[PDB]
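Report on one structure; see the data block that follows.
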Amino acid sequence: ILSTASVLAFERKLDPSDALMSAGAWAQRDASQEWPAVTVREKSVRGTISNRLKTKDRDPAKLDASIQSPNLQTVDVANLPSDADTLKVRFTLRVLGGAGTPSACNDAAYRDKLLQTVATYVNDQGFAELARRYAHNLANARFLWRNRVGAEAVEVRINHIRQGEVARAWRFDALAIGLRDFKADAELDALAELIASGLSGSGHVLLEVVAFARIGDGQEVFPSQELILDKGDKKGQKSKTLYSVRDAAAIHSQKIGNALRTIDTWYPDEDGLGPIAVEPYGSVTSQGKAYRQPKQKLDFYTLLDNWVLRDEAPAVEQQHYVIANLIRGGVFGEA
Amino acid sequence: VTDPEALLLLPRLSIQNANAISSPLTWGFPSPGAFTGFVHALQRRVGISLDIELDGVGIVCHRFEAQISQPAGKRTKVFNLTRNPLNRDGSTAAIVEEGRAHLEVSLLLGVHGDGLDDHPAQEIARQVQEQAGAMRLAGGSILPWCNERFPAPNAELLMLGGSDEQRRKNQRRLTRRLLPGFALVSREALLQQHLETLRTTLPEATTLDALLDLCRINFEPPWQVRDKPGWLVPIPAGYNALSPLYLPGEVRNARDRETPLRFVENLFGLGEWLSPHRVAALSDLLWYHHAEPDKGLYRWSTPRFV
RNA sequence: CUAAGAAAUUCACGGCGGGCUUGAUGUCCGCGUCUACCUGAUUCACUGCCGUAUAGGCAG
């Protein structure tokens, strides 16, 4: 009857690493291999209360006595040096390939039907709309999350690293390439064809993505913050911990991947946001709202069941979203 | 099991989010089952085409960084987590604590087969490294070394030496290459004889308690701490059966419906982080599997260590 | 065929108000550093001439 597989698991294609941020001066970005790393240090903050009072503690005695007892935090802070106006954020991206083959599948019938469906997609329309948008989110530095929002000039350099060296090098103006328009370009189409040939082939394509952002002298850079439950007793508590690999500030690999996946302009709600990240029940953690609900027939599970099980193929946009989830990975399956 | 004809060296592989939770009782470096399963996946993916049998792995760990943090006013550590996506209603998902660790290990693989003759050594070393670059080692991605000073290449050392001096010479040449780390071996004879000593001390002792006794730092009255021979970590040395062996299409929600499933449970043994020139033969210190599936007792160790 | 497979911690912040560390003090007796050597391995790829030449030759 072709029931769904009780265990489905797709591996993560487009597997980035931690985006190492270092620092120096613009117009020597070409010699940015000995740029010193942005280090994460501690500073002390003292703040007043600013959160909303809960309509029982609004009286002026408790408020005035509560600004006399301030919260005192040691936060982690990563800044550029006072003689460096450019932030160099560097990571590596593996585009693995075998994008429709699941890492775990119970039913050989469902596995063969899903491989037949993925191959029907790839022959009918390959990884050319998906990888164009992945190449956009590389080319505009969306992985520079808050490190992009005030930069004078962002410039992304992408190097196809072959067996020992750069096989083909790109260089983009990341502020001309917007964060919401997946347009066409010759060099973007070359990078998209490379990411397509990676996602199709049996081996990985390795890229080296370096993005320089001209922020300003001594300004704050924003590496990823660590999800630390149980910070401890409030005396020596560090209220904010910034991520750093080896005395060198960094962005998490899943944050870089979340920026790379932001290709989904196909969700049924209006695009006041533009692209969101490709997720089953497509849910923006900053918006707190899950688009692509199952009350509509436009989430990944209903579309994959209709496409593979009963051959109701969706539109080309929703099947881009389905194959983008298969590139994204995930652990699917009912009881 | 069988002795390696050659000894392949995957060089320092950078793994970015490896499983720090080795087992329900141990954290830290990932289990040796991860590395033995990785080398069996390397055999399963590239070794059946080169006509070789990649069997046995030696774990070295040049660099280790756990994504842990020590909370304020606490002596112990907690794990730094990742922020998962939301539910379909917009709420935060229930947090499942996974430990992530950044490794830098180099693996010594036992290679034996007829494909050692049919192919060059550097060709099969390059092929297993280009296949390992698309893989993962404890749940974490193998960082593939782009645009540093030089890429670390391989070396497939044929263990068959024409002389014992040449064999000691290129064991030294390989040990110098994998030197800034610490080879991980299995000392279960030491665990059993420590259990025997603890049983002559106090009767009715379990070797869980002897394992703990090798883990602690014991303070002794006249004050001095009790010294230990080596590093002596607790490792999960395999699995033990809980259920009888179920048929392939009989258990529900398995990985595949063509492999017999059996509910198992960890078997915590003793390890020992020692430097690679304390072994004097690198064809030892390789972790193999030992199943004996009729009893249960699916386990890994490094036999032929001492 | 790896306790397999999957993942955005993040938004904001005034730590500063102030201050006498002072007195006092024996480092000190004594001592065998000898012995013996190739810096020279072509180690100064020089100075000049004929030639339009950087091409090529020549002298001491």
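In the structure tokens, chains take letters A, B, ... by order of appearance, with residues numbered from 1 within each chain and ligands from 1 in the order shown.
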Set the cut-off to 7 Å and count only C-alpha atoms (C1' of nucleotides): what are the residues of chain A that reach chain C? Output as a short mmCIF file (atom, residue, chain, number, x, y, z; two decimals) with C-alpha atoms, in the first residue's frame.
```cif
data_model
loop_
_atom_site.label_atom_id
_atom_site.label_comp_id
_atom_site.auth_asym_id
_atom_site.auth_seq_id
_atom_site.Cartn_x
_atom_site.Cartn_y
_atom_site.Cartn_z
CA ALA A 9 16.99 10.34 8.07
CA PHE A 10 18.76 12.50 5.51
CA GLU A 11 22.30 13.64 6.09
CA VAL A 45 28.34 46.13 32.44
CA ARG A 46 26.06 47.81 34.95
CA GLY A 47 22.52 48.50 33.85
CA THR A 48 19.33 49.85 35.29
CA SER A 103 20.96 7.88 5.47
CA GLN A 225 26.55 33.35 21.52
CA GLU A 226 26.59 30.04 23.34
CA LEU A 227 23.41 28.36 24.56
CA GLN A 254 24.77 25.70 12.31
CA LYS A 255 24.35 29.48 12.19
CA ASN A 258 21.02 28.49 8.70
CA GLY A 329 18.78 16.94 6.41
CA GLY A 330 16.49 15.89 9.19
CA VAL A 331 15.17 12.98 11.21
#
```
Counting only C-alpha atoms (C1' of nucleotides), chain B residues within 9 Å of chain C, as a PyMOL selection string: chain B and resi 19+21-24+33-42+44-45+81-85+136-139
At most 6 Å to chain B: residues in chain A, only C-alpha atoms, as a list in words: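 Here they are: residues 6, 106, 204, 227, 228, 231, 232, 233, 236, 237, 281, 288, 289 and 290 of chain A.
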Put those residues in a file: C-alpha atoms, as a PDB file, in the first residue's frame.
```pdb
ATOM      1  CA  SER A   6       8.986   4.683  10.006  1.00  0.00           C
ATOM      2  CA  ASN A 106      13.053   1.299   6.498  1.00  0.00           C
ATOM      3  CA  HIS A 204      32.264  16.553  -2.154  1.00  0.00           C
ATOM      4  CA  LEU A 227      23.412  28.356  24.560  1.00  0.00           C
ATOM      5  CA  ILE A 228      24.436  27.756  28.154  1.00  0.00           C
ATOM      6  CA  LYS A 231      24.990  29.785  34.247  1.00  0.00           C
ATOM      7  CA  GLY A 232      25.265  29.350  38.015  1.00  0.00           C
ATOM      8  CA  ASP A 233      25.134  31.602  41.069  1.00  0.00           C
ATOM      9  CA  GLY A 236      30.449  35.341  39.367  1.00  0.00           C
ATOM     10  CA  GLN A 237      27.927  34.638  36.637  1.00  0.00           C
ATOM     11  CA  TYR A 281       6.921  23.503   9.130  1.00  0.00           C
ATOM     12  CA  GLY A 288       8.332  33.103  16.636  1.00  0.00           C
ATOM     13  CA  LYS A 289       5.877  31.970  13.961  1.00  0.00           C
ATOM     14  CA  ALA A 290       5.841  28.751  11.961  1.00  0.00           C
TER      15      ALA A 290
END
```
Every residue of segment 162-226 of chain A that DSSP places in strand (DSSP E or B), as a ChimeraX atom specification: /A:166-173,205-214,220-221,225
Could you turn the residues from that selection into a file that holds N, CA, C and O atoms, as a PDB file, in the first residue's frame?
```pdb
ATOM      1  N   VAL A 166      43.606  26.416  -5.157  1.00  0.00           N
ATOM      2  CA  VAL A 166      42.410  27.074  -5.665  1.00  0.00           C
ATOM      3  C   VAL A 166      42.219  26.704  -7.126  1.00  0.00           C
ATOM      4  O   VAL A 166      43.036  27.055  -7.983  1.00  0.00           O
ATOM      5  N   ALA A 167      41.136  25.994  -7.419  1.00  0.00           N
ATOM      6  CA  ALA A 167      40.835  25.635  -8.795  1.00  0.00           C
ATOM      7  C   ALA A 167      40.132  26.760  -9.534  1.00  0.00           C
ATOM      8  O   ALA A 167      40.388  26.975 -10.720  1.00  0.00           O
ATOM      9  N   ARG A 168      39.259  27.486  -8.847  1.00  0.00           N
ATOM     10  CA  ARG A 168      38.500  28.573  -9.447  1.00  0.00           C
ATOM     11  C   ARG A 168      38.053  29.507  -8.335  1.00  0.00           C
ATOM     12  O   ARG A 168      37.472  29.052  -7.349  1.00  0.00           O
ATOM     13  N   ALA A 169      38.325  30.799  -8.496  1.00  0.00           N
ATOM     14  CA  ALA A 169      38.107  31.790  -7.452  1.00  0.00           C
ATOM     15  C   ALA A 169      37.046  32.795  -7.874  1.00  0.00           C
ATOM     16  O   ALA A 169      37.042  33.255  -9.017  1.00  0.00           O
ATOM     17  N   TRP A 170      36.156  33.129  -6.948  1.00  0.00           N
ATOM     18  CA  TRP A 170      35.131  34.143  -7.138  1.00  0.00           C
ATOM     19  C   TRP A 170      35.387  35.315  -6.204  1.00  0.00           C
ATOM     20  O   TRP A 170      36.173  35.222  -5.259  1.00  0.00           O
ATOM     21  N   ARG A 171      34.697  36.419  -6.473  1.00  0.00           N
ATOM     22  CA  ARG A 171      34.833  37.636  -5.678  1.00  0.00           C
ATOM     23  C   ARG A 171      33.606  38.491  -5.924  1.00  0.00           C
ATOM     24  O   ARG A 171      33.359  38.891  -7.065  1.00  0.00           O
ATOM     25  N   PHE A 172      32.841  38.768  -4.874  1.00  0.00           N
ATOM     26  CA  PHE A 172      31.543  39.409  -5.007  1.00  0.00           C
ATOM     27  C   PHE A 172      31.476  40.681  -4.183  1.00  0.00           C
ATOM     28  O   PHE A 172      32.135  40.810  -3.152  1.00  0.00           O
ATOM     29  N   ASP A 173      30.665  41.620  -4.652  1.00  0.00           N
ATOM     30  CA  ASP A 173      30.242  42.761  -3.850  1.00  0.00           C
ATOM     31  C   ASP A 173      28.952  42.342  -3.169  1.00  0.00           C
ATOM     32  O   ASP A 173      27.890  42.314  -3.791  1.00  0.00           O
ATOM     33  N   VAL A 205      32.392  18.811  -2.975  1.00  0.00           N
ATOM     34  CA  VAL A 205      33.006  20.030  -3.485  1.00  0.00           C
ATOM     35  C   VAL A 205      33.324  20.919  -2.295  1.00  0.00           C
ATOM     36  O   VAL A 205      32.437  21.243  -1.498  1.00  0.00           O
ATOM     37  N   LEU A 206      34.586  21.304  -2.166  1.00  0.00           N
ATOM     38  CA  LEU A 206      35.044  22.121  -1.056  1.00  0.00           C
ATOM     39  C   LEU A 206      35.263  23.546  -1.539  1.00  0.00           C
ATOM     40  O   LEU A 206      35.981  23.771  -2.517  1.00  0.00           O
ATOM     41  N   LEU A 207      34.643  24.496  -0.850  1.00  0.00           N
ATOM     42  CA  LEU A 207      34.799  25.916  -1.100  1.00  0.00           C
ATOM     43  C   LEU A 207      35.393  26.579   0.132  1.00  0.00           C
ATOM     44  O   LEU A 207      35.243  26.076   1.246  1.00  0.00           O
ATOM     45  N   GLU A 208      36.064  27.702  -0.069  1.00  0.00           N
ATOM     46  CA  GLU A 208      36.607  28.502   1.018  1.00  0.00           C
ATOM     47  C   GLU A 208      35.997  29.886   0.919  1.00  0.00           C
ATOM     48  O   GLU A 208      36.395  30.679   0.063  1.00  0.00           O
ATOM     49  N   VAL A 209      35.053  30.189   1.800  1.00  0.00           N
ATOM     50  CA  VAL A 209      34.306  31.434   1.738  1.00  0.00           C
ATOM     51  C   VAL A 209      34.902  32.398   2.747  1.00  0.00           C
ATOM     52  O   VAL A 209      34.921  32.114   3.948  1.00  0.00           O
ATOM     53  N   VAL A 210      35.401  33.530   2.259  1.00  0.00           N
ATOM     54  CA  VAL A 210      35.968  34.593   3.079  1.00  0.00           C
ATOM     55  C   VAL A 210      35.188  35.868   2.808  1.00  0.00           C
ATOM     56  O   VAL A 210      35.057  36.281   1.652  1.00  0.00           O
ATOM     57  N   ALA A 211      34.687  36.507   3.862  1.00  0.00           N
ATOM     58  CA  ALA A 211      33.896  37.721   3.706  1.00  0.00           C
ATOM     59  C   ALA A 211      34.470  38.822   4.575  1.00  0.00           C
ATOM     60  O   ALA A 211      34.489  38.695   5.801  1.00  0.00           O
ATOM     61  N   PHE A 212      34.914  39.904   3.943  1.00  0.00           N
ATOM     62  CA  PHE A 212      35.453  41.064   4.635  1.00  0.00           C
ATOM     63  C   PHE A 212      34.375  42.127   4.738  1.00  0.00           C
ATOM     64  O   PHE A 212      33.769  42.487   3.730  1.00  0.00           O
ATOM     65  N   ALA A 213      34.146  42.637   5.943  1.00  0.00           N
ATOM     66  CA  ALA A 213      33.144  43.667   6.187  1.00  0.00           C
ATOM     67  C   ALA A 213      33.807  44.891   6.795  1.00  0.00           C
ATOM     68  O   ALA A 213      34.359  44.815   7.896  1.00  0.00           O
ATOM     69  N   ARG A 214      33.750  46.016   6.089  1.00  0.00           N
ATOM     70  CA  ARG A 214      34.371  47.253   6.555  1.00  0.00           C
ATOM     71  C   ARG A 214      33.428  47.910   7.545  1.00  0.00           C
ATOM     72  O   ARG A 214      32.576  48.714   7.170  1.00  0.00           O
ATOM     73  N   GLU A 220      32.172  46.867  17.364  1.00  0.00           N
ATOM     74  CA  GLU A 220      31.812  45.553  17.860  1.00  0.00           C
ATOM     75  C   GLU A 220      31.514  44.625  16.702  1.00  0.00           C
ATOM     76  O   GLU A 220      30.783  44.987  15.778  1.00  0.00           O
ATOM     77  N   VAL A 221      32.103  43.443  16.741  1.00  0.00           N
ATOM     78  CA  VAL A 221      31.693  42.355  15.895  1.00  0.00           C
ATOM     79  C   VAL A 221      30.843  41.429  16.738  1.00  0.00           C
ATOM     80  O   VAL A 221      30.889  41.445  17.969  1.00  0.00           O
ATOM     81  N   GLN A 225      26.656  33.409  20.081  1.00  0.00           N
ATOM     82  CA  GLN A 225      26.547  33.350  21.522  1.00  0.00           C
ATOM     83  C   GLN A 225      26.183  31.925  21.896  1.00  0.00           C
ATOM     84  O   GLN A 225      25.471  31.254  21.151  1.00  0.00           O
TER      85      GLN A 225
END
```
Alpha helix (DSSP H) positions in segment 62-193 of chain B, given as a count of residues only: 34
Contacts of residue 173 of chain B within 12 Å, only C-alpha atoms (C1' of nucleotides), excl. fewer than 4 positions in-chain, as a list in words: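 Once the nearby chain positions are removed, what remains is residues 9, 155, 156, 157, 166, 167, 168, 169, 177, 178, 179, 276, 277, 280, 281 and 282 of chain B.
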Taking N, CA, C and O atoms for each residue, export the selection above as a short mmCIF file (atom, residue, chain, number, x, y, z; two decimals), in the first residue's frame.
```
data_model
loop_
_atom_site.label_atom_id
_atom_site.label_comp_id
_atom_site.auth_asym_id
_atom_site.auth_seq_id
_atom_site.Cartn_x
_atom_site.Cartn_y
_atom_site.Cartn_z
N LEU B 9 47.94 5.52 7.52
CA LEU B 9 47.80 6.64 8.45
C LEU B 9 46.96 7.72 7.79
O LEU B 9 47.43 8.40 6.88
N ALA B 155 50.36 8.28 4.60
CA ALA B 155 51.47 7.35 4.45
C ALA B 155 50.94 5.97 4.78
O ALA B 155 50.56 5.71 5.92
N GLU B 156 50.92 5.08 3.79
CA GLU B 156 50.56 3.70 4.05
C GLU B 156 51.85 2.93 4.29
O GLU B 156 52.60 2.63 3.36
N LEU B 157 52.10 2.60 5.55
CA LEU B 157 53.32 1.91 5.93
C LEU B 157 53.09 0.41 5.84
O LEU B 157 52.27 -0.14 6.58
N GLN B 166 64.90 -2.03 9.94
CA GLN B 166 64.11 -1.19 9.06
C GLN B 166 62.67 -1.06 9.55
O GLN B 166 62.05 0.00 9.44
N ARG B 167 62.14 -2.15 10.13
CA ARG B 167 60.79 -2.11 10.69
C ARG B 167 60.73 -1.18 11.90
O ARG B 167 59.81 -0.37 12.00
N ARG B 168 61.71 -1.26 12.80
CA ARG B 168 61.77 -0.32 13.91
C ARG B 168 62.01 1.10 13.42
O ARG B 168 61.48 2.06 14.00
N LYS B 169 62.74 1.25 12.31
CA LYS B 169 63.03 2.56 11.74
C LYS B 169 61.77 3.24 11.25
O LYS B 169 61.54 4.42 11.53
N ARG B 177 55.57 11.18 13.37
CA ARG B 177 54.56 11.90 12.61
C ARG B 177 53.26 12.04 13.39
O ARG B 177 52.54 13.04 13.21
N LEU B 178 52.94 11.10 14.25
CA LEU B 178 51.72 11.19 15.04
C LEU B 178 52.02 11.44 16.52
O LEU B 178 51.29 11.01 17.41
N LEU B 179 53.06 12.22 16.78
CA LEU B 179 53.59 12.43 18.13
C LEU B 179 52.86 13.41 19.05
O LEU B 179 52.71 13.07 20.23
N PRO B 276 52.43 7.58 21.83
CA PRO B 276 52.64 6.49 20.86
C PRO B 276 54.03 5.90 20.81
O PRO B 276 54.23 4.90 20.12
N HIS B 277 55.02 6.47 21.51
CA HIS B 277 56.31 5.80 21.55
C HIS B 277 56.48 4.95 22.81
O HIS B 277 57.59 4.52 23.10
N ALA B 280 56.16 0.69 21.33
CA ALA B 280 57.27 0.12 20.56
C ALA B 280 56.84 -0.76 19.39
O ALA B 280 57.71 -1.40 18.78
N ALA B 281 55.55 -0.82 19.04
CA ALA B 281 55.06 -1.45 17.82
C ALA B 281 53.68 -0.88 17.54
O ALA B 281 52.73 -1.18 18.27
N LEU B 282 53.56 -0.06 16.50
CA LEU B 282 52.30 0.59 16.18
C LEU B 282 51.29 -0.35 15.53
O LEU B 282 50.15 0.05 15.32
#
```
Do a neighbour search on segment 19-25 of chain A at 7 Å with only C-alpha atoms (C1' of nucleotides), toss out local chain neighbours closer than 4 positions, and write the hits as an mmCIF file with N, CA, C and O atoms, in the first residue's frame.
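The resulting file, selection05.cif, is shown below:
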```cif
data_model
loop_
_atom_site.group_PDB
_atom_site.id
_atom_site.type_symbol
_atom_site.label_atom_id
_atom_site.label_comp_id
_atom_site.auth_asym_id
_atom_site.auth_seq_id
_atom_site.Cartn_x
_atom_site.Cartn_y
_atom_site.Cartn_z
ATOM 1 N N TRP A 35 46.231 37.966 9.373
ATOM 2 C CA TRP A 35 45.441 38.908 10.141
ATOM 3 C C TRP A 35 45.182 38.325 11.524
ATOM 4 O O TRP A 35 44.849 37.145 11.639
ATOM 5 N N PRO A 36 45.367 39.105 12.581
ATOM 6 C CA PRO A 36 45.190 38.565 13.923
ATOM 7 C C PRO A 36 43.728 38.308 14.207
ATOM 8 O O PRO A 36 42.841 38.979 13.682
ATOM 9 N N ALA A 37 43.485 37.306 15.029
ATOM 10 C CA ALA A 37 42.133 36.858 15.269
ATOM 11 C C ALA A 37 41.398 37.822 16.181
ATOM 12 O O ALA A 37 41.990 38.442 17.063
ATOM 13 N N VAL A 38 40.097 37.960 15.947
ATOM 14 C CA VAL A 38 39.262 38.687 16.891
ATOM 15 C C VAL A 38 39.121 37.815 18.126
ATOM 16 O O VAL A 38 38.673 36.668 18.046
ATOM 17 N N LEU A 80 36.623 44.661 17.042
ATOM 18 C CA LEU A 80 37.798 44.871 16.228
ATOM 19 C C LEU A 80 38.820 45.676 17.023
ATOM 20 O O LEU A 80 38.466 46.359 17.984
ATOM 21 N N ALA A 84 41.944 48.686 13.193
ATOM 22 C CA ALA A 84 41.448 47.735 12.209
ATOM 23 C C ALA A 84 39.976 48.008 11.989
ATOM 24 O O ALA A 84 39.195 47.988 12.941
ATOM 25 N N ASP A 85 39.594 48.268 10.745
ATOM 26 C CA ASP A 85 38.217 48.590 10.419
ATOM 27 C C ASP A 85 37.515 47.503 9.635
ATOM 28 O O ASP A 85 36.348 47.674 9.283
ATOM 29 N N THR A 86 38.178 46.385 9.372
ATOM 30 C CA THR A 86 37.647 45.345 8.509
ATOM 31 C C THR A 86 37.611 44.030 9.253
ATOM 32 O O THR A 86 38.611 43.620 9.846
ATOM 33 N N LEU A 87 36.467 43.372 9.209
ATOM 34 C CA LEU A 87 36.274 42.076 9.828
ATOM 35 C C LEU A 87 36.316 40.994 8.762
ATOM 36 O O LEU A 87 35.492 40.995 7.849
ATOM 37 N N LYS A 88 37.258 40.072 8.884
ATOM 38 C CA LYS A 88 37.382 38.952 7.963
ATOM 39 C C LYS A 88 36.777 37.722 8.612
ATOM 40 O O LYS A 88 37.300 37.226 9.608
ATOM 41 N N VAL A 89 35.688 37.226 8.044
ATOM 42 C CA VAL A 89 35.005 36.031 8.523
ATOM 43 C C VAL A 89 35.219 34.926 7.500
ATOM 44 O O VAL A 89 34.820 35.061 6.340
ATOM 45 N N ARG A 90 35.838 33.831 7.925
ATOM 46 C CA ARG A 90 36.297 32.784 7.025
ATOM 47 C C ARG A 90 35.789 31.432 7.488
ATOM 48 O O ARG A 90 35.905 31.099 8.669
ATOM 49 N N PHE A 91 35.252 30.641 6.563
ATOM 50 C CA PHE A 91 34.881 29.267 6.857
ATOM 51 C C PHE A 91 35.085 28.429 5.604
ATOM 52 O O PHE A 91 35.479 28.934 4.552
ATOM 53 N N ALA A 248 39.920 32.721 19.458
ATOM 54 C CA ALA A 248 39.627 33.311 18.158
ATOM 55 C C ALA A 248 38.131 33.239 17.972
ATOM 56 O O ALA A 248 37.603 32.130 17.886
ATOM 57 N N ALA A 249 37.460 34.389 17.902
ATOM 58 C CA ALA A 249 36.005 34.425 17.888
ATOM 59 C C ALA A 249 35.460 33.743 16.649
ATOM 60 O O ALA A 249 36.132 33.651 15.622
ATOM 61 N N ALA A 250 34.252 33.207 16.766
ATOM 62 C CA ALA A 250 33.723 32.431 15.668
ATOM 63 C C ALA A 250 32.208 32.475 15.671
ATOM 64 O O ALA A 250 31.571 32.760 16.684
ATOM 65 N N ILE A 251 31.646 32.187 14.515
ATOM 66 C CA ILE A 251 30.226 31.926 14.362
ATOM 67 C C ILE A 251 30.047 30.420 14.280
ATOM 68 O O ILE A 251 30.879 29.724 13.693
ATOM 69 N N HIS A 252 28.995 29.915 14.920
ATOM 70 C CA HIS A 252 28.687 28.494 14.926
ATOM 71 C C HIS A 252 28.441 27.995 13.514
ATOM 72 O O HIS A 252 28.005 28.741 12.641
ATOM 73 N N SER A 253 28.715 26.710 13.295
ATOM 74 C CA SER A 253 28.526 26.125 11.977
ATOM 75 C C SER A 253 27.057 26.009 11.617
ATOM 76 O O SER A 253 26.696 26.130 10.443
#
```
